[PDB]
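Below are the chains, spelled out letter by letter.
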Amino acid sequence: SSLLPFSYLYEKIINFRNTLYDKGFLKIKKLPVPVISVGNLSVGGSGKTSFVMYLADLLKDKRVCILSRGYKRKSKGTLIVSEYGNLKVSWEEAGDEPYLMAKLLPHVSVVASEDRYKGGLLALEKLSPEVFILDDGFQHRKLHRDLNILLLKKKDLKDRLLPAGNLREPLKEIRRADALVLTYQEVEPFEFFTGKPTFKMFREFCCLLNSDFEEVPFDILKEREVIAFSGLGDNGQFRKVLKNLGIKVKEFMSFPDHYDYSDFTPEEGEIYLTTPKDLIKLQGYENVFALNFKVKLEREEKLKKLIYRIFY
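Residues numbered from 1 in each chain as written, not as in the entry; some residues may be left out. Heavy atoms only, no water.

Describing the overall build of the chain
Right, on to step 1. Regarding its fold elements, the chain presents 9 helices and 14 strands.
Right, on to step 2. The C-alpha atoms of the chain give a radius of gyration of 20 Å, which matches the 20 Å a tight globule of 312 residues would have.
Right, on to step 3. Along the three orthogonal principal directions, the C-alpha set of the chain runs to about 60 × 50 × 40 Å.
Right, on to step 4. Every one of the 312 residues in the chain was classed for burial, and the buried ones make up 45%.
Right, on to step 5. Total accessible area computed for the chain in this model is approximately 17400 Å², and 52% of it derives from carbon and sulfur atoms.
Right, on to step 6. One finds the centroid of the 51 positive side-chain charges in the chain at a distance of 9 Å from the centroid of its 44 negative side-chain charges. (Helix = DSSP H or I, 4+ residues; strand = E, 2+ residues; numbered from the N terminus. Rg over C-alpha atoms; globule rule 2.2 N^0.38 Å. Buried < 20%, exposed > 50% of the residue type's maximum accessible area, 1.4 Å probe, protein only. Areas by Shrake-Rupley, 256 points an atom, 1.4 Å probe, with all protein chains shown as cover. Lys, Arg positive; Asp, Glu negative; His and termini not counted. Charge placed at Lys NZ, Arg CZ, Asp CG, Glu CD.)

Structural data, given as C-alpha coordinates:
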(Lines give C-alpha, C1' and ligand atoms only; values in the text may rest on other atoms or scores of the structure.)
Protein backbone atom coordinates (compact mmCIF):
# COMPACT_ATOMS: atom_id res chain seq x y z
CA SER A 1 0.00 0.00 0.00
CA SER A 2 2.99 2.28 0.67
CA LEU A 3 3.81 2.04 -3.02
CA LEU A 4 0.65 3.79 -4.16
CA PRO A 5 1.94 7.23 -3.15
CA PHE A 6 4.93 6.60 -5.38
CA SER A 7 2.54 5.52 -8.08
CA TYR A 8 0.59 8.72 -7.67
CA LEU A 9 3.85 10.63 -7.87
CA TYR A 10 4.98 8.69 -10.90
CA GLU A 11 1.67 9.51 -12.53
CA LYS A 12 2.28 13.21 -12.12
CA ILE A 13 5.69 13.00 -13.71
CA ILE A 14 4.62 10.90 -16.66
CA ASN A 15 1.49 12.89 -17.42
CA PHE A 16 3.45 16.10 -17.14
CA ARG A 17 6.03 14.75 -19.52
CA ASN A 18 3.47 13.61 -22.03
CA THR A 19 1.63 16.86 -21.65
CA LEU A 20 4.73 18.70 -22.78
CA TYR A 21 4.87 16.49 -25.82
CA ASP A 22 1.17 16.84 -26.52
CA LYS A 23 1.33 20.60 -26.80
CA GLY A 24 4.64 20.89 -28.61
CA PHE A 25 6.70 22.19 -25.71
CA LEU A 26 9.31 19.54 -26.40
CA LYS A 27 10.63 18.81 -29.86
CA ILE A 28 9.62 15.75 -31.83
CA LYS A 29 12.22 15.05 -34.48
CA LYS A 30 11.61 13.77 -37.99
CA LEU A 31 13.63 11.50 -40.24
CA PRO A 32 13.62 12.00 -44.03
CA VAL A 33 12.37 8.46 -44.55
CA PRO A 34 9.30 6.72 -43.05
CA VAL A 35 9.26 5.38 -39.50
CA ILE A 36 7.08 2.64 -38.06
CA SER A 37 6.79 1.94 -34.35
CA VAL A 38 6.03 -1.05 -32.20
CA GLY A 39 5.57 -1.01 -28.45
CA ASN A 40 3.50 -1.54 -25.34
CA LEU A 41 2.55 0.05 -22.05
CA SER A 42 3.83 -2.50 -19.60
CA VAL A 43 6.88 -4.45 -18.59
CA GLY A 44 7.36 -8.19 -18.73
CA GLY A 45 6.00 -10.55 -21.35
CA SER A 46 4.77 -8.40 -24.19
CA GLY A 47 5.01 -10.15 -27.52
CA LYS A 48 6.32 -7.05 -29.24
CA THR A 49 9.41 -8.92 -30.32
CA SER A 50 7.17 -11.41 -32.08
CA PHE A 51 5.33 -8.73 -33.95
CA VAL A 52 8.43 -6.97 -35.19
CA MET A 53 9.61 -10.05 -36.94
CA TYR A 54 6.20 -10.59 -38.49
CA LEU A 55 6.21 -7.02 -39.62
CA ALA A 56 9.60 -7.42 -41.21
CA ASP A 57 8.36 -10.22 -43.39
CA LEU A 58 5.69 -7.91 -44.75
CA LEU A 59 8.39 -5.52 -45.86
CA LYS A 60 10.55 -8.19 -47.44
CA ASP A 61 10.19 -6.41 -50.74
CA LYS A 62 11.84 -3.27 -49.42
CA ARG A 63 15.05 -2.14 -47.73
CA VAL A 64 14.47 -2.52 -43.99
CA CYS A 65 16.49 -1.39 -41.00
CA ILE A 66 15.71 -1.97 -37.33
CA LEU A 67 16.36 0.70 -34.74
CA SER A 68 16.95 -1.15 -31.50
CA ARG A 69 17.41 0.26 -28.04
CA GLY A 70 20.59 -1.61 -27.30
CA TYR A 71 20.30 -1.05 -23.58
CA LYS A 72 23.29 -0.02 -21.43
CA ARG A 73 26.34 2.24 -21.45
CA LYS A 74 28.70 -0.19 -23.21
CA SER A 75 27.55 1.09 -26.58
CA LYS A 76 28.84 4.23 -28.25
CA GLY A 77 25.28 5.49 -27.92
CA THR A 78 25.09 4.23 -31.45
CA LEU A 79 26.36 1.04 -33.10
CA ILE A 80 25.75 -1.13 -36.16
CA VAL A 81 24.92 -4.67 -35.19
CA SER A 82 24.09 -6.26 -38.51
CA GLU A 83 24.52 -5.38 -42.15
CA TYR A 84 21.63 -7.23 -43.78
CA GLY A 85 22.25 -10.51 -42.01
CA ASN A 86 25.95 -10.12 -41.46
CA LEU A 87 26.75 -9.73 -37.77
CA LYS A 88 29.54 -7.22 -37.27
CA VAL A 89 29.91 -7.65 -33.52
CA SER A 90 29.51 -10.21 -30.77
CA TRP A 91 26.48 -10.94 -28.63
CA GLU A 92 28.39 -9.66 -25.64
CA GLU A 93 28.91 -6.29 -27.26
CA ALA A 94 25.58 -6.02 -29.05
CA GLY A 95 23.44 -7.48 -26.28
CA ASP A 96 20.99 -10.36 -26.23
CA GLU A 97 17.98 -8.64 -27.76
CA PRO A 98 19.46 -7.04 -30.87
CA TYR A 99 21.72 -9.97 -31.68
CA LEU A 100 18.82 -12.39 -31.51
CA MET A 101 16.77 -10.14 -33.70
CA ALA A 102 19.54 -10.01 -36.26
CA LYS A 103 19.69 -13.76 -36.69
CA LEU A 104 15.95 -14.14 -36.95
CA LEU A 105 15.91 -11.64 -39.78
CA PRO A 106 18.72 -12.64 -42.15
CA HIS A 107 17.64 -10.12 -44.78
CA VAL A 108 17.36 -7.15 -42.45
CA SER A 109 19.72 -4.70 -40.78
CA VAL A 110 19.91 -3.97 -37.04
CA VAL A 111 21.07 -0.79 -35.32
CA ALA A 112 21.40 -0.47 -31.56
CA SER A 113 21.09 3.03 -30.16
CA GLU A 114 19.76 4.69 -27.05
CA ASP A 115 18.93 7.67 -29.20
CA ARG A 116 17.04 6.55 -32.25
CA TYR A 117 17.48 9.71 -34.27
CA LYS A 118 21.23 9.29 -34.07
CA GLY A 119 20.75 5.70 -35.14
CA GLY A 120 18.93 6.90 -38.22
CA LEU A 121 21.73 9.18 -39.36
CA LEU A 122 24.26 6.38 -39.43
CA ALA A 123 21.66 4.22 -41.10
CA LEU A 124 20.87 6.47 -44.02
CA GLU A 125 24.51 7.19 -44.62
CA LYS A 126 25.89 3.66 -44.68
CA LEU A 127 23.07 1.19 -45.28
CA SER A 128 20.70 3.58 -47.05
CA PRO A 129 17.43 1.88 -46.07
CA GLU A 130 13.89 2.87 -46.99
CA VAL A 131 12.02 2.20 -43.78
CA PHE A 132 12.70 2.09 -40.07
CA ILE A 133 11.18 0.01 -37.33
CA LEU A 134 11.13 0.91 -33.66
CA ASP A 135 10.92 -1.93 -31.21
CA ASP A 136 9.58 -0.66 -27.91
CA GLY A 137 9.48 2.92 -29.08
CA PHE A 138 6.01 3.81 -27.95
CA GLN A 139 7.39 5.77 -25.04
CA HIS A 140 10.16 7.21 -27.16
CA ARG A 141 8.23 10.24 -28.31
CA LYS A 142 11.38 12.12 -29.15
CA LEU A 143 11.30 10.60 -32.58
CA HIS A 144 8.28 11.04 -34.82
CA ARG A 145 6.54 8.03 -36.31
CA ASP A 146 4.09 7.86 -39.16
CA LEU A 147 2.58 4.61 -37.97
CA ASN A 148 2.42 4.27 -34.23
CA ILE A 149 1.43 0.71 -33.42
CA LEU A 150 0.60 -0.20 -29.86
CA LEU A 151 0.23 -3.63 -28.33
CA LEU A 152 -2.20 -4.55 -25.59
CA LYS A 153 -2.84 -7.67 -23.60
CA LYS A 154 -5.92 -8.35 -21.47
CA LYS A 155 -3.80 -7.99 -18.37
CA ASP A 156 -2.80 -4.43 -19.26
CA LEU A 157 -6.33 -3.11 -18.85
CA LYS A 158 -6.47 -4.68 -15.41
CA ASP A 159 -3.14 -3.30 -14.28
CA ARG A 160 -1.68 -0.28 -12.54
CA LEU A 161 1.29 2.04 -12.77
CA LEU A 162 4.68 1.25 -11.33
CA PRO A 163 5.93 0.47 -8.80
CA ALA A 164 2.66 -1.10 -7.66
CA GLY A 165 1.43 -2.48 -10.96
CA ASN A 166 3.35 -2.94 -14.18
CA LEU A 167 2.31 -0.05 -16.41
CA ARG A 168 4.90 2.51 -17.40
CA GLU A 169 2.26 4.93 -18.58
CA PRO A 170 -1.46 5.30 -17.82
CA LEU A 171 -3.94 3.49 -19.99
CA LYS A 172 -5.24 6.84 -21.18
CA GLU A 173 -2.22 7.17 -23.43
CA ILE A 174 -3.62 4.53 -25.74
CA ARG A 175 -5.00 7.41 -27.76
CA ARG A 176 -1.55 8.18 -29.13
CA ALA A 177 -1.61 4.98 -31.13
CA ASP A 178 -2.52 4.99 -34.79
CA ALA A 179 -3.44 1.31 -34.71
CA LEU A 180 -3.92 -1.40 -32.11
CA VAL A 181 -2.88 -5.02 -31.82
CA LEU A 182 -4.78 -7.15 -29.35
CA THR A 183 -2.30 -9.69 -28.05
CA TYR A 184 -2.45 -13.04 -26.31
CA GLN A 185 -5.60 -14.03 -28.08
CA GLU A 186 -4.49 -17.65 -28.00
CA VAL A 187 -4.97 -17.82 -24.25
CA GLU A 188 -7.12 -14.85 -23.25
CA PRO A 189 -9.24 -13.50 -26.13
CA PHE A 190 -10.78 -10.04 -25.94
CA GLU A 191 -12.08 -7.12 -27.99
CA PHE A 192 -11.40 -3.43 -27.72
CA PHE A 193 -13.39 -0.46 -28.93
CA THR A 194 -11.56 2.65 -30.11
CA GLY A 195 -12.53 3.52 -33.66
CA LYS A 196 -8.92 3.10 -34.64
CA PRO A 197 -7.77 0.21 -36.83
CA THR A 198 -7.66 -2.95 -34.75
CA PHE A 199 -6.17 -6.39 -35.24
CA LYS A 200 -6.49 -9.65 -33.33
CA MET A 201 -3.17 -11.37 -32.77
CA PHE A 202 -2.60 -15.06 -32.12
CA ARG A 203 0.60 -16.89 -31.26
CA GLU A 204 0.82 -20.58 -32.07
CA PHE A 205 3.49 -23.20 -31.46
CA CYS A 206 4.84 -24.09 -34.86
CA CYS A 207 8.26 -25.71 -34.64
CA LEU A 208 11.70 -25.71 -33.06
CA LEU A 209 14.74 -23.60 -33.77
CA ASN A 210 18.20 -25.09 -33.84
CA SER A 211 21.34 -23.07 -33.20
CA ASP A 212 21.57 -21.96 -36.80
CA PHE A 213 18.03 -20.71 -36.46
CA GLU A 214 16.73 -22.99 -39.16
CA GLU A 215 13.34 -24.53 -38.55
CA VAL A 216 12.96 -28.17 -37.58
CA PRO A 217 9.77 -30.15 -36.83
CA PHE A 218 8.56 -30.71 -33.29
CA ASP A 219 7.66 -34.32 -33.99
CA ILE A 220 11.13 -35.20 -32.80
CA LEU A 221 9.90 -34.53 -29.28
CA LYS A 222 7.26 -37.22 -29.51
CA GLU A 223 7.90 -40.31 -27.41
CA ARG A 224 10.95 -38.67 -25.86
CA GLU A 225 11.46 -36.83 -22.58
CA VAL A 226 13.59 -33.71 -22.57
CA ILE A 227 15.91 -31.76 -20.31
CA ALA A 228 14.71 -28.16 -20.18
CA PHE A 229 16.65 -25.22 -18.79
CA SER A 230 16.35 -21.45 -18.36
CA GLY A 231 19.03 -18.84 -17.78
CA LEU A 232 17.15 -16.75 -15.25
CA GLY A 233 14.02 -16.31 -13.17
CA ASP A 234 11.67 -16.85 -16.09
CA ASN A 235 11.36 -20.50 -15.12
CA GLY A 236 7.85 -20.11 -13.73
CA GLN A 237 6.66 -18.77 -17.04
CA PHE A 238 8.80 -21.10 -19.15
CA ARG A 239 7.62 -24.20 -17.35
CA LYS A 240 4.03 -23.10 -17.80
CA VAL A 241 4.46 -23.01 -21.56
CA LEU A 242 6.07 -26.43 -21.58
CA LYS A 243 3.14 -27.76 -19.62
CA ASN A 244 0.46 -26.31 -21.87
CA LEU A 245 2.08 -27.59 -25.04
CA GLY A 246 2.09 -31.07 -23.60
CA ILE A 247 5.83 -31.54 -23.63
CA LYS A 248 7.12 -34.10 -21.19
CA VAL A 249 9.81 -32.68 -18.94
CA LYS A 250 11.90 -35.10 -16.92
CA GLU A 251 13.74 -32.26 -15.21
CA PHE A 252 14.09 -28.49 -15.14
CA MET A 253 17.28 -26.48 -14.62
CA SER A 254 17.72 -22.87 -13.54
CA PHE A 255 20.86 -20.76 -13.93
CA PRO A 256 22.02 -17.35 -12.69
CA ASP A 257 20.59 -14.48 -14.72
CA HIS A 258 24.01 -13.52 -16.06
CA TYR A 259 25.11 -17.05 -16.86
CA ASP A 260 26.75 -17.23 -20.28
CA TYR A 261 26.82 -21.02 -20.51
CA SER A 262 30.59 -21.13 -20.86
CA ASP A 263 31.40 -24.26 -18.87
CA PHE A 264 28.44 -26.46 -19.73
CA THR A 265 29.13 -29.75 -21.46
CA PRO A 266 26.08 -31.55 -22.95
CA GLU A 267 25.63 -35.31 -22.80
CA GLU A 268 25.62 -37.06 -26.15
CA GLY A 269 22.35 -38.40 -27.53
CA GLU A 270 20.07 -36.25 -25.42
CA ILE A 271 17.67 -33.51 -26.38
CA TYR A 272 17.59 -30.14 -24.64
CA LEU A 273 15.15 -27.23 -24.75
CA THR A 274 15.61 -23.60 -23.78
CA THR A 275 14.74 -20.04 -24.66
CA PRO A 276 15.79 -18.37 -27.92
CA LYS A 277 17.37 -15.64 -25.87
CA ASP A 278 19.68 -18.22 -24.35
CA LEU A 279 20.07 -20.30 -27.47
CA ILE A 280 22.21 -17.64 -29.11
CA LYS A 281 24.88 -18.40 -26.56
CA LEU A 282 24.92 -22.12 -27.31
CA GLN A 283 26.14 -22.18 -30.89
CA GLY A 284 28.08 -25.40 -31.36
CA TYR A 285 26.48 -27.96 -29.04
CA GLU A 286 24.66 -29.96 -31.73
CA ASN A 287 21.61 -31.22 -29.81
CA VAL A 288 19.99 -28.21 -28.20
CA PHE A 289 16.91 -26.43 -29.45
CA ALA A 290 14.43 -23.70 -28.64
CA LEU A 291 10.69 -23.27 -29.03
CA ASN A 292 9.40 -21.27 -31.97
CA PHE A 293 6.11 -19.45 -32.26
CA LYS A 294 4.73 -17.65 -35.26
CA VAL A 295 2.26 -14.82 -35.54
CA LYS A 296 -1.13 -15.58 -37.01
CA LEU A 297 -2.70 -12.23 -37.82
CA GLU A 298 -6.27 -11.74 -39.02
CA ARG A 299 -6.95 -9.30 -41.86
CA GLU A 300 -3.35 -9.46 -43.02
CA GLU A 301 -4.31 -7.90 -46.34
CA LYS A 302 -5.66 -4.86 -44.53
CA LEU A 303 -2.54 -4.33 -42.51
CA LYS A 304 -0.32 -4.20 -45.56
CA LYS A 305 -2.69 -1.65 -47.00
CA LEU A 306 -2.33 0.38 -43.83
CA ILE A 307 1.40 0.19 -44.29
CA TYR A 308 1.37 0.77 -48.00
CA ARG A 309 -0.06 4.30 -47.78
CA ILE A 310 2.73 5.85 -45.76
CA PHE A 311 5.32 5.57 -48.51
CA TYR A 312 3.99 8.56 -50.42
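Some words on a positive patch on the surface
Right, on to step 1. On the surface, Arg 299, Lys 302, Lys 305 and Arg 309 cluster together into a patch of positive charge.
Right, on to step 2. The partly exposed category is assigned to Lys 302, whose relative accessible area is 37%. (Patch = residues over 30% accessible without salt bridge, like charges linked within 9 Å, V, L, I, M, F, W, Y side chains within 5 Å. Salt bridge = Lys/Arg side-chain N within 4 Å of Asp/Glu carboxyl O.)

Some points on the UniProt feature "binding site: ATP" in the chain
Right, on to step 1. UniProt tags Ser 42, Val 43, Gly 44, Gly 45, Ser 46, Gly 47, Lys 48 and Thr 49 as "binding site: ATP".
Right, on to step 2. Inspection of the secondary structure puts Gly 45 in the loop between β1 (35-40) and α2 (48-58).
Right, on to step 3. Not counting residues within four places of it along the chain, the set of residues in contact with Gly 45 comprises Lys 153 and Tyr 184.
Right, on to step 4. What makes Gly 47 buried here is its relative accessible area of 11%. (UniProt positions renumbered as here; feature names shortened; annotations may be inferred. Contact = heavy atoms within 4.5 Å.)

Overview of the packing of aromatic side chains
Right, on to step 1. On inspection of all chains with the given rule, the structure shows 14 aromatic pairs.
Right, on to step 2. Centre to centre, the rings of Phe 255 and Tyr 259 are 4.9 Å apart; their planes meet at 10°, and the pair counts as stacked.
Right, on to step 3. What makes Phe 255 buried here is its relative accessible area of 15%.
Right, on to step 4. Residue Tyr 259 is classed as partly exposed on the basis of its relative accessible area of 21%.
Right, on to step 5. Counting every residue linked through ring pairs, the aromatic cluster contains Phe 229, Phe 255, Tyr 259, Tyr 261 and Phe 264.
Right, on to step 6. The side chain of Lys 153 reaches across the aromatic face of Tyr 184, ending 5.8 Å from its centre.
Right, on to step 7. Geometry around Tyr 184 places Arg 203 over its ring, the cationic atom sitting 4.6 Å from the centre. (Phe/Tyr/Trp six-rings, centres within 6.5 Å; stacked < 30°, edge-to-face > 60°. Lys NZ or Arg CZ within 6 Å of the ring centre and 35° of its normal.)

Digging into the pattern of salt bridges
Right, on to step 1. Following the criterion strictly, the structure yields 17 salt bridges and no others.
Right, on to step 2. Its salt-bridge partner being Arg 203, residue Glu 186 comes within 3.7 Å of it at the nearest N-O pair. With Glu 186 in the loop between β8 (179-182) and β9 (198-209) and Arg 203 in strand β9, this residue pair connects regions lying 17 residues apart in the sequence.
Right, on to step 3. For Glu 186, a relative accessible area of 30% gives the class partly exposed.
Right, on to step 4. Since its relative accessible area comes to 24%, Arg 203 is described here as partly exposed.
Right, on to step 5. A salt bridge links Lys 294 to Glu 215; the nearest nitrogen and oxygen atoms lie 2.9 Å apart. Of this pair, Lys 294 sits in strand β14 (residues 288-297) while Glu 215 sits in strand β10 (residues 215-216), and the two are 79 residues apart along the sequence.
Right, on to step 6. The exposure class assigned to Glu 215 is partly exposed, which follows from its relative accessible area of 48%.

Observations regarding the packing of α2 against helix α9 (residues 300-308)
Right, on to step 1. Viewed as axis vectors pointing N to C, α2 and α9 meet at an angle of 75°, and their least axial separation amounts to 11 Å. One finds that α2 runs roughly perpendicular with respect to α9. Only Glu 300, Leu 303, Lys 304 and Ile 307 of α9 make contact with α2, whose side of the interface consists of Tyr 54, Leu 55 and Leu 58.
Right, on to step 2. Within the contact of α2 with α9, the residues separate by chemical class into 5 nonpolar, no polar and 2 charged. (Axes fitted to C-alpha atoms, helices over the stretch in contact; angles between N-to-C directions. Parallel < 35°, antiparallel > 145°, perpendicular 65-115°, else oblique. Nonpolar A, V, L, I, M, F, W, Y, C, P; charged D, E, K, R; others polar.)

A few points about helix α1 (residues 4-22)
Right, on to step 1. The end-to-end C-alpha distance of α1, which contains 19 residues, comes to 26 Å, matching closely the 27 Å that a straight helix rising 1.5 Å per residue would cover.
Right, on to step 2. Once α1 finishes, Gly 24 follows within two positions and takes phi at roughly 60°, a positive value. (Expected span 1.5 Å × (residues − 1).)

What to know about the pairing of β1
Right, on to step 1. Taken across its 6 residues, β1 has 6 buried, putting it largely inside the fold.
Right, on to step 2. Burial of β1 is two-sided: the residues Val 35, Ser 37 and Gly 39 facing one way and the residues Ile 36, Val 38 and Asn 40 facing the other way are all buried.
Right, on to step 3. Pairing analysis gives 4 bridges linking β1 to strand β6 (residues 131-135), with the strands arranged parallel. Within the sheet, the bridge partner assigned to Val 35 lies in β6 and is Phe 132. (Pairing = 2+ DSSP bridges.)

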